[PDB]
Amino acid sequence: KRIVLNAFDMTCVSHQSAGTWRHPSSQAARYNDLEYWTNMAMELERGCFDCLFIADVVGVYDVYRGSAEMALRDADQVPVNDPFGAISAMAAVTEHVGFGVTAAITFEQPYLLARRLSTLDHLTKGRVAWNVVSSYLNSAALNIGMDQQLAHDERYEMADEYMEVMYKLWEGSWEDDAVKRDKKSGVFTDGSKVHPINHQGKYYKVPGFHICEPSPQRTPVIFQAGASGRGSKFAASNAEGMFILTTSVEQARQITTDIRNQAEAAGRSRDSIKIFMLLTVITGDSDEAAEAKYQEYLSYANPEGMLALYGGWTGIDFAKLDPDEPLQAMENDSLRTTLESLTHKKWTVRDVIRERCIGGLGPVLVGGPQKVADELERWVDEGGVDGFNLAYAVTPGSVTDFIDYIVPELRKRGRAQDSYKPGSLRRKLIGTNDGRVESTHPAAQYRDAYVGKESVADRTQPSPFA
């Protein structure tokens, strides 16, 4: 069973690690240079990585110390550029790697997001994934605006209808044989095979038809973050790739068993969702070299940068806490228990935060090729995940080191591909032969669902000019 390898990045400087952009090897500060992204995409194909997963936010981390100042000083997800920006340049110099693009449903109308994602599916020729998020950082709401007549109790009913609209536009609005592109007959599209979706739900009214012709995948690969409670049903119904945060192999066994139970509960197969976990790998020729590289990175750590990120991630303002108390005495159950699973307690909170300047809230794996490859196989086979969203401490070295030191060992163990399967990203990852959604995927119910329903031609009046 092949391990899926993804690079996790974001159009910003400090993503999952604080202060390590200061390292002489890091080009994190080039997030705003086109050459960083095109070099990254080409380097991913040298190692046959499946996908570049680009995160995004539109709010700032202003919880720690009550301001965004510490986040600005260590560039902790600010500044952040639009992750759609460099996709076409990266697709131009690559053939096979996919691009996961994060876009929130909170602020952008579905009709317009549908066109922006369809446009990327055209230009990349079927290599885009949509990471579906619901923005949560508070300054985004304040700076962009949210409609206050919407009950947040109903966010997932809202999110369901949002996706319904997207799936109708992408799958149902144009039939497969609408487009003719026929220079001799002069018919570009047959308007009797284009259909207004006539959507009118509780939250969205979209009467018209999609303004884009069918793209190679139609619906981009759906990526979603793992979630609990009500959000776990939303994720299990729609996700083709699910991005999870797990801190131990033991906890992963339950998370991935639960997700695949929820997939079946939604009418899908246990293997319909590919599960990717956050992981940071520091490696080298030996365990000793990997460890010295780890400590070298940590010497650049900015603990106040990781406290800004923690503040936004958990809501806890560490300026209210005590740096010298031991971890085991931390008040908050949820963070104390996750920090304890992440470290190997009697160390002060200060000592833990410094170590956590690499890895964020995800596990960190340090070792030479054997120890690293061993644990990667343990997460996949024992933990039940399908692969990894590999976060960086330094970039691009984190990806380059993985390719140089780990990929040859994974290939020798038969776990990593040494060439690409042809076709769309969905064909590569999910395996449908046409690169379209599985018939059990909720998008598939709009496929051909407007055949014989109202078309654009149905409204055409006579004309003396005809």
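All residue numbers refer to positions in the sequence shown, first residue = 1.
The modelled chain breaks after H344 and resumes at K345, leaving 4 to 9 residues of the deposited sequence without coordinates. Look at the mean CA B-factor for 289-297 and for 264-272 in the entry; the higher one is 264-272. Once the C-alpha B-factors are averaged per stretch, 215-223 and 139-147 rank with 139-147 first. Considering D74, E355, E240, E171 together, the PDB entry gives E355 the largest C-alpha B factor. The entry lists C-alpha B-factors for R115, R378, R127, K180, and the highest of these is at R378. When the CA B factors of the chain's modelled residues are split into thirds, the value for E161 lands in the middle one. Per the PDB record, residue ranking by Cα B-factor puts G435 in the highest third of the chain. The entry lists a Cα temperature factor for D121 that places it in the lowest third of the chain's modelled residues. In this PDB entry, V13 carries a Cα temperature factor that places it within the lowest third of its chain's modelled residues. Annotation for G19: CA B-factor lies in the lowest third of the chain's modelled residues.
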